[PDB]
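FYI, it's all coordinate maths here, none of it is from the lab. Because the Cβ atoms are built from the backbone with ideal geometry, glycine has one as well, and the counts that use them run over all protein chains shown.
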Amino acid sequence: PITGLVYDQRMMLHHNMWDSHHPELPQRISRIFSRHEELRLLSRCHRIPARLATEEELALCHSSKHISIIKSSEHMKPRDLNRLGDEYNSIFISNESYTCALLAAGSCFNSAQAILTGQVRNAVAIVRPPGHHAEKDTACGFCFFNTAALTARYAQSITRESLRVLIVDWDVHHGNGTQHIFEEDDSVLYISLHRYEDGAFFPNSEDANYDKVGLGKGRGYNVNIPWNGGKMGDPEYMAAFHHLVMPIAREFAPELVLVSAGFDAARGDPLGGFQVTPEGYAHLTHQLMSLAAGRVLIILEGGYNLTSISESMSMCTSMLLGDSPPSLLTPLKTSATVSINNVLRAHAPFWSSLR
Ligand SMILES: O=C(/C=C/C#Cc1cccc(NS(=O)(=O)c2ccccc2)c1)NO
Ligand SMILES: [K+]
Ligand SMILES: [K+]
Ligand SMILES: [Zn+2]
């Protein structure tokens with residue numbers, strides 16, 4: 001039918017009390033929402049309500065210890081908040097943090113439900129804190145709970161356990177948590193494009209490399225597309241979709257598509273250093289829309305240039321609403337060609353469409 005949108009101002013309450021210029025800013029989501037309104041995209045959408053995730057829903061991917069620890073931060077005074085934050089890789093916590101993480105997850109569940117119950121065809125979730133770095137047992141890189149991973153499981157819980165869910169993660173950073181959660185799982189195809197730099201780029205693990213293809217029955221169902229050697233843009237991203245993402249995805253025949261949609265590969269992003277354009281993101285989205293009968297949920301992850309993320313995510317919602325793709329390239333950077341050839345060599349034994 002239509003396009004769903006979920007957004008809740010309360011998720012702005014998560015904040016960094018010791019550094020109010022930390023790039024994971026509250027107004028990330030409010031700038032995005034504002035922009036959807038200015039471009040008249042908001043009123044074309046069906047407003048999906050936000051909700052808290054339950055602790056039972058969190059246990060779909062996370063350990064009870066981790067849930068309890070993060071939940072306990074709710075009552076901590078600043079000294080202990082800071083102490084708990086420092087126990088993870090790149091985490092700040094405020095008393096509202098846990099609530100905001102629950103809201104982000106819950107928001108996505110409701111959206112996935114609207115899709116799967118046929119209330120909407122596709123949807124956007126303007127949410128924070130992000131999630132794809134979060135592991136089963138720990139918080140990481142601004143992420144408390146793995147929103148995307150939880151949503152895949154939630155979708156499976158209201159349809160069937162083996163429901164084919166594709167997760168495309170085009171945030172500039174590798175989704176270590178998402179990869180790990182489904183690494184042995186053939187029901188969830190994880191595809192991530194990320195800056196790698198041989199382990200120099202956050203989160204600095206060889207897990208992000210192209211030769212990590214999955215374990216056990218999940219072998220082949222984890223696809224890393226690692227970038228090395230500086231700036232990449234629309235041509236590199238269109239190529240990777242063309243040669244890898246779409247052919248593998250079609251072959252997987254997903255019943256639902258989740259996008260971990262960080263916009264930190266955007267032109268202008270201070271952490272990403274890439275130059276994917278709003279138009280670029282629109283085309284990526286428009287391609288994914290051809291999958292799973294159009295059942296596509298776009299979930300905000302990273303992205304720290306307020307204008308860039310506002311422009312890029314708006315363009316994605318434009319495509320979900322069915323607007324025509326904007327016009328678009330250039331020869332690939334040589335290392336991007338190597339990256340793609342590497343992935344192709346690594347996944348050709350698992351996907352006939354690559355042969
Ligand atoms: O988007 C993401 C996460 C991005 C990140 C990061 C990171 C990790 C370690 C060090 C720094 N240094 S900093 O300048 O970006 C900085 C960061 C935060 C506060 C102050 C300075 C950044 N995942 O999808
Ligand atoms: K990624
Ligand atoms: K997998
Ligand atoms: Zn990121």
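Summary of values
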read-out: Set of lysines with alpha-carbon distance to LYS71 below 16 Å, sequence-local pairs under 8 removed; value: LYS136
read-out: 13 Å beta-carbon shell around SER187, net charge (K/R +1, D/E -1); value: -2
read-out: Sparse-neighbour loop sites [trypsin sites (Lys or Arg not before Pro); region 1-74; at most 10 other C-beta within 10 Å; DSSP]; value: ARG40
read-out: Per-residue HN-Hα couplings for region 96-106 [Karplus 6.51, -1.76, 1.60; θ = phi - 60°; Hz; x = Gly/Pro]; value: 8, 4, 5, 4, 5, 5, 5, 4, 4, 4, x
read-out: Dipole moment magnitude, nearest 20 debye, region 177-232 about Cα centre, only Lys, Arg, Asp, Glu C-beta charged; value: 200
read-out: Globularity ratio of region 202-327, using Cα Rg and 2.2 N^0.38 Å; value: 1.07
read-out: Low-density loop cleavage sites - chymotrypsin sites (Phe, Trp or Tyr not before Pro) in region 1-91, where at most 16 other Cβ are within 10 Å (DSSP); value: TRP18
read-out: Cα Rg, Dmax, region 106-212, angstrom units; value: 14.1, 44
read-out: Proximal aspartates and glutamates to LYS333, defined as alpha-carbon separation beneath 18 angstrom and excluding residues fewer than eight positions away on the same chain; value: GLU197, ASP198, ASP234, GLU236
read-out: Equivalent-ellipsoid semi-axes of the chain, from the Cα gyration tensor, Å, largest first; value: 27, 23, 21
read-out: Whole-Å semi-axes of region 63-166's equivalent ellipsoid (Cα gyration tensor); value: 28, 13, 11
